[PDB]
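Peer 1: Sharing a structure here in structure tokens format.
What follows is calculated from the coordinates using simple rules that are stated; it is not laboratory data. Because the Cβ atoms are built from the backbone with ideal geometry, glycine has one as well, and the counts that use them run over all protein chains shown.
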Amino acid sequence: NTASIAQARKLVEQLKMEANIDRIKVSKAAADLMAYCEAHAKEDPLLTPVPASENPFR
Amino acid sequence: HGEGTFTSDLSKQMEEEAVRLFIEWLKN
Amino acid sequence: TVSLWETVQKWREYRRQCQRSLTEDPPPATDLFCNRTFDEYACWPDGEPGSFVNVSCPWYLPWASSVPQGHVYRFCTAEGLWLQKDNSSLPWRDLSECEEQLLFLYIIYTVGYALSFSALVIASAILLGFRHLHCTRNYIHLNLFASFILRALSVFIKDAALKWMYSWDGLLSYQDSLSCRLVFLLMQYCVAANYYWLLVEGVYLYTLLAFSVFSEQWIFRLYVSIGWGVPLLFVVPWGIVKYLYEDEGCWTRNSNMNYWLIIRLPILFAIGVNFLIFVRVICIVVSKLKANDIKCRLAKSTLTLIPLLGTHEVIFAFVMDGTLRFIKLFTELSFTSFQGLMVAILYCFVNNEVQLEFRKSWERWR
Amino acid sequence: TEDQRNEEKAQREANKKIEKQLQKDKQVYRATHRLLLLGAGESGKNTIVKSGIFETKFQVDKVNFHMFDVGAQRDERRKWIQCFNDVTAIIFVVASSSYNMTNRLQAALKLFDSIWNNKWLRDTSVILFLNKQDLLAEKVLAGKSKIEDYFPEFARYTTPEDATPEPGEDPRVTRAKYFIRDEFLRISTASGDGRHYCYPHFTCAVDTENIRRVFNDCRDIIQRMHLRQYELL
Amino acid sequence: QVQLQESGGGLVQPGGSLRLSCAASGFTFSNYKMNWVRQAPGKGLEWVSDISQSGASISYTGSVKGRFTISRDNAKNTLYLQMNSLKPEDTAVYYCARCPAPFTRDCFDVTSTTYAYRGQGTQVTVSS
Amino acid sequence: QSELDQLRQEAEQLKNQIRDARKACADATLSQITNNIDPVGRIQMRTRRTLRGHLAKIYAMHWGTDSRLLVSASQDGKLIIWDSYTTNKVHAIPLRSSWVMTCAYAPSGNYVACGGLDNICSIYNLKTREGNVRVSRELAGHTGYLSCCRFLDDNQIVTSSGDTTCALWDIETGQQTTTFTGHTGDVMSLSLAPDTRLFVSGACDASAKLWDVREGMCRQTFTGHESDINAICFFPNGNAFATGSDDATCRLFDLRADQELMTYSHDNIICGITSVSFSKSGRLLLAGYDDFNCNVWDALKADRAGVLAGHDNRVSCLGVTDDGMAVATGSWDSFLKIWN
């Protein structure tokens, strides 16, 4: 043909090997970030203001 | 250079008056 | 040209000539003449017994020039004193023989220097604090602003120090002390290192268009050494000659015009060279507008250039070789006063850079 | 702090030896003008003066230039063109070639238009030549290449208000060189914002001397820059 | 994601007319310019027309002025063309190419290489 | 023909199937769970340094490994290795290709790399023994400018170019070992997962794919933007990434649910985005705009919490130190400012 047949054959197989995957509900991927971001909230220098004494840029 | 001229005018004018001021008191 | 130094000298010289006469010639014992009492006006030697005596006028007073034969005509009595005046012993007292605009020039001369001083404090603090305007073109304009605010302060001293020189004493003697002679070297310098910071504007702005720039480190230290240092070679040599050879009266009088051609002739060269640079630049600003009414544009440029290159003095009589002399200062000494506001407005507040800088910097602070 | 005194005294020479070289190399960078070179098609790559950037250097009366010939790249310019918003000028070359192999003019009017109205290229000034005039003069009097077929307003176009530069200038060529010029300037005089210019030219009819014609008009671009910061202009 | 798909082409004898269309889905259609592009058979792509964001700045090509017409509808997300009299030369495929960025005045979409944001086109044929 | 017609129709059936699964998993948005988390309030932070010495615009920077040193490369053809605490230049490497579009700093503190419009990529031997920093290797083989570099360890780079492909070299011999294809547009950025076994990439045509270092593959393919993509990074947990296009919106995708979770839109913004990065604890999201600002987005219920406005030109790069006390932001006026 005109070489566009071979490019049109790789696209269909790329999607065919992708639709067969396993996913999870959003509520499992939303309460995951809500629990990781308050389990170590104490180690955020920007979020929790730091006393000047230990601050190295002073 | 007006500053070299205006200085002289206020100098000479108020200076020659004091000559009269020196002598007008002299009678008094 | 009777002056202060000989004013008290002609006082002591004239009198001392006849207190010798008082010692040599006491009042006569015949009493036909009058007593020899130094009335502080003339020692008054013995005159005429009952008639008029002809004694020449006091020579120290120059008003004997207009009447070289003038004599102090006074009668005397043969009682040891003069005639009586107002029931008291007074001499024969008949001695008669031997401008509004200038006051107004002072009110403008001292209301422009006062406001051309507050402007260059606001304009010299905004031009530093913002830290986004430290381009070399703004280094030249910090020294120009500092050369005016020193010029105004160099004049405010003169007039006030002149009032104190005229405030009874035999001679206030502040024109014996060096406290007078140094202030009028500080003054002469301060206005001589102000026409060499308008030639630096004419040379920097003209080497940016016609010639190509040659370096930086060399340029900014061949300008501070040509605006602050060339006067030292035309004021100091003039200061020495008015103390080493020829020294009197606080030097506010310059009889030998050769001497006032060593601190003036040089100023003329700075005025000249900065006239050609103003024609050459405006011969270009019209070539770009041609190939782009626009006559109004051309006018709006010329008028801005005259206050920074300061070419207005040459448009007026440059040296003008008298009512014409009074005319020269009515406008010229008023155009020089308000020059602080003219420069400050046109290069600190109507500038586009800064007017954005207050816009930005206010959006980030309340 | 017995030893950190030595180290802080030891690094303060490594900060002065660097800063002394970095200042000797601030004058050289300020004495050279950079010039891009956009060429549409196959007309003009080294004609005026004779992978990656392909620099070339020359000098006229003791002033030096650099010229970038951007070759061996893909033809999608909306990402690497906003890197060149710092050069002095953007030289530009067009030519009235054959459409047999599409449209050699209407594909250049839409490229010059895109450089003009870009949000970042608002302060650079083009210098565009109109190449291949010894080809057009042998085609217009031969009829092979026409502009009425592609451009309608040409047949009802007037006569210019200027004069021929050379003997041997028929109405046919003069209507051709001076119609395209008025088609580029219809764009150059419609941009309200920005501060930049446009300097047309003619070429290829005479021996190229364009090492002068770029020098004479790369001075004009900087003079009008210093005037507008003193606000004198 | 963006989806541009054109429909309306066909076959017509010389002197006839033909009406095209276009469709947008996946963005706010009232933020960008739009264009049309044609490709002669065995030739590179050429420019045909365009229209501004609100519908007040139209342009055309020097070979087509007076015969075509471009117009759009914001509230329904569609864009049309209108051909009136067709020569034998008006035979090519026509695409519906959006402009790269929103709130602009300038576009860079003619390139023969792969360029996203461009439909698949319809075929038009003209002959006796 | 018939097959190209069916292939263009065969794909549509697959694509229409994929959406159904994605819309069968969404049962609540992230903005409905976090309507009870206590809002952060408001935070202020002001410049603490300012590094001067460049002559032209700045396209790159990379914080060191111990959060002490950093690198910055400009268009005047000069690399510089600053020191953050006391403002001392420790090196100044001159280049030969004046157009530099990226740089990177090795994790072992030993190497520096950079490349631009000149297609080659150069790698510099820094902690030498002789005492002169020169070119170690010269990696050629691309066709088009090169717009990002990263290290995996010493002697392994993964790079992105401008001819729609990525590559994975090895410094010891100079020749590739893998090549990733599947992007139909120019590739602008990439970032590495915090275990160094994946890396997501963003390209024009508005797509962001998820590759695999062990063998070239395309596990996932996320979409939903409206224009080309400029900058991207991972959530510190390695289980999400955020990206920013040229339509004034950031988004927070997901690597498990395989869809989009939430978007960052404000009505008064009409300018693009040039850089994105996360905080150390994943509660903030520093974005850099072309309105000369740098907003600060709360990252569990979108609404601003501050601004970082100190620049006059656009922001061309930003980063956050590994431990996290500073945010260096470069700009097109040659000044870096160490916020805090």
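Peer 1: How large are Rg and Dmax for the range F:251-314 when calculated on the C-alpha trace, in angstrom?
Peer 2: 12.6, 41
Peer 1: Here's another thing I want to ask about it. Can you give the log10 of the normalised intensity I(q)/I(0) at q = 0.17, 0.19, 0.21 Å⁻¹, computed with Debye over equal Cα scatterers of the range F:74-204?
Peer 2: Calculated log10 I(q)/I(0) at the listed q: -0.93, -1.15, -1.36.
Peer 1: Using Cβ contacts closer than 10 Å as the measure, can you line up C:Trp228, C:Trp44, B:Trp25 from fewest to most?
Peer 2: Starting with the residue having the fewest Cβ neighbours, the order is B:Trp25, C:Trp228, C:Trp44.
Peer 1: Can I ask one more? Using alpha carbons only, how many angstrom separate the centre of the range F:216-259 from the centre of chain B?
Peer 2: Centre-to-centre (Cα) distance: 91 Å.
Peer 1: Still on this model: For the range F:2-339, give the magnitude of the charge dipole about the Cα centre (Cβ charges: +1 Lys/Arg, -1 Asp/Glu; no others), in debye to the nearest 20.
Peer 2: Value, rounded to 20: 1280 debye.
Peer 1: Continuing with this model, one more query. Once the convex hull of the alpha carbons of the range D:79-134 is built, what does its volume come to per residue, in cubic angstrom?
Peer 2: Considering the Cα atoms of the range D:79-134, their hull volume per residue is 94 Å³.
Peer 1: Now a separate question. Counting only residues 5 or more places away or on other chains, whose amide H sits under 5 Å from the amide H of F:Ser201 once H atoms are built in the peptide plane?
Peer 2: For F:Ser201, whose amide H was placed from the backbone, the distant partners under 5 Å are F:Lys209, F:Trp211.
Peer 1: Another one. Report Rg(Cα)/(2.2 N^0.38 Å) for the range C:257-330, keeping two decimals.
Peer 2: Taking the Cα Rg and dividing by 2.2 N^0.38 Å, one obtains 1.45.
Peer 1: Please report F:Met61, D:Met101 as a ranked list, fewest other C-beta atoms within 10 angstrom at the top and most at the bottom.
Peer 2: Taking fewest neighbouring Cβ atoms as first place, the list is D:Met101, F:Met61.
Peer 1: For the range D:45-227, restrict the atom set to alpha-carbon positions and state the Rg and Dmax in Å.
Peer 2: Gyration radius and largest Cα-Cα distance of the range D:45-227: 17.6, 49 Å.
Peer 1: May I ask which residue of D:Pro160, D:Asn118, D:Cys198 lies farthest towards the positive end of the charge dipole of chain D, with charges of +1 (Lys, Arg) and -1 (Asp, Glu) on Cβ and the Cα centre as origin?
Peer 2: Result: D:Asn118.
Peer 1: In addition: So what's the Cα pair-distance distribution over the range C:82-143, bin width 10 Å, in %?
Peer 2: The distribution over the range C:82-143 is 16, 20, 13, 11, 11, 7, 8, 10, 4, given as percents.
Peer 1: Starting with the fewest neighbours, write out A:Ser4, C:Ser124 ranked by other beta-carbon atoms found within 10 Å of each beta-carbon.
Peer 2: A:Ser4, C:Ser124
Peer 1: Moving to a separate point now. Where Rh is the Kirkwood radius over the Cα pairs of the range E:3-126, the temperature 37 °C and the viscosity 0.692 mPa s, what D in µm²/s does Stokes-Einstein return?
Peer 2: 221
Peer 1: Which is the longest stretch in chain F that no exposed loop site breaks, taking sites as GluC sites (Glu not before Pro) with a DSSP loop state and at most 13 other Cβ atoms within 10 Å?
Peer 2: After excluding every exposed loop site, the longest remaining stretch is F:1-129.
Peer 1: Okay, next question. Take the alpha carbon atoms of chain A, find their center, do the same for the range F:1-79, and report the distance between the two centers in whole angstrom.
Peer 2: Comparing the Cα centres of chain A and the range F:1-79, I get a distance of 10 Å.
Peer 1: Taking beta carbons within 10 Å but only from partner chains, what does the mean come to for residues A:38-51?
Peer 2: Average neighbour count from other chains, rounded to a whole number: 5.
Peer 1: Tell me the Kirkwood hydrodynamic radius of chain C in angstroms, computed as one over the mean inverse distance between distinct C-alpha pairs.
Peer 2: For chain C, the Kirkwood estimate is 26.5 Å.
Peer 1: Could I ask something else about it? If you add up the charges near C:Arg325, with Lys and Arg at +1 and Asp and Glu at -1, over every other residue whose beta carbon is less than 15 angstrom from its beta carbon, what do you get?
Peer 2: Spelling it out: positives minus negatives among the neighbours equals -3.
Peer 1: Taking the range F:2-339 on its own, what percent of its Cα-Cα pair distances exceed 34 Å?
Peer 2: Of all Cα-Cα distances in the range F:2-339, 26 percent exceed 34 Å.
Peer 1: Given all pairs of different Cα atoms, what value in angstroms does the Kirkwood hydrodynamic radius of the range F:218-294 take?
Peer 2: Radius from the Kirkwood sum: 12.9 Å.
Peer 1: Based on the alpha-carbon gyration tensor of the range F:1-81 and its eigenvalue square roots a ≥ b ≥ c, which shape applies: rounded if a/c is under 1.5, prolate if not and a/b is larger than b/c, or oblate?
Peer 2: Oblate shape, in that a/c is at least 1.5 and b/c is the bigger or equal ratio.
Peer 1: Can you work out ³J(HN,Hα) from phi for every residue in the range F:119-136, in order, using Karplus 6.51 cos²θ - 1.76 cosθ + 1.60 and θ = phi - 60°, giving whole Hz and x for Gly and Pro?
Peer 2: Once θ is set to phi - 60°, the couplings for the range F:119-136 become 4, 6, 10, 10, 10, 10, 7, 8, 7, 6, 9, 5, x, 9, 7, 9, 6, 7 Hz.
Peer 1: Mind putting a number on the dipole of the range C:179-296 about its Cα centre? Charges go on the C-beta only, +1 for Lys and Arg and -1 for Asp and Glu, and I need it in Debye to the nearest 20.
Peer 2: The dipole magnitude comes to about 320 debye.
Peer 1: Given the alpha-carbon gyration tensor of the protein assembly as shown, what are the semi-axes of its equivalent ellipsoid in whole angstrom, ordered largest first, with each equal to the square root of 5 times an eigenvalue?
Peer 2: 85, 40, 27
Peer 1: Also: Apply the a/c threshold of 1.5 to the C-alpha gyration tensor of the range C:120-159 and tell me whether it is rounded, prolate or oblate.
Peer 2: Here the range C:120-159 falls in the oblate category.
Peer 1: Another question, then. Rg(Cα) of chain A divided by 2.2 N^0.38 Å?
Peer 2: 2.40
Peer 1: To continue, here is another question. Using only Cα atoms, find the angle between the long axis of helix A:4-16 and the longest principal axis of chain A, and express it within 0 to 90 degrees, rounded to the nearest 10.
Peer 2: Here the helix axis deviates by roughly 50 degrees.
Peer 1: If you plug each phi of the range C:14-28 into the Karplus form 6.51 cos²θ - 1.76 cosθ + 1.60 with θ = phi - 60°, what whole-Hz ³J(HN,Hα) values come out, in order, with x for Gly and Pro?
Peer 2: So the Karplus estimates, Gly and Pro as x, are 5, 4, 4, 5, 10, 5, 4, 5, 4, 5, 6, 10, x, x, x Hz.
Peer 1: Please report how far the C-alpha centroid of the range C:1-41 lies from that of the range C:306-327, rounded to the nearest whole angstrom.
Peer 2: After rounding, the separation between the Cα centres reads 52 Å.
Peer 1: Residue by residue through the range F:255-260, what is 3J(HN,Hα) from phi via Karplus (6.51 cos²θ - 1.76 cosθ + 1.60, θ = phi - 60°)? Round to whole Hz and write x for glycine and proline.
Peer 2: Per-residue couplings from phi come out as 9, 10, 5, 6, 6, 9 Hz.
Peer 1: Taking a quarter of the surface of the Cα convex hull of the range C:232-366, what do you get in nm²?
Peer 2: 15.0
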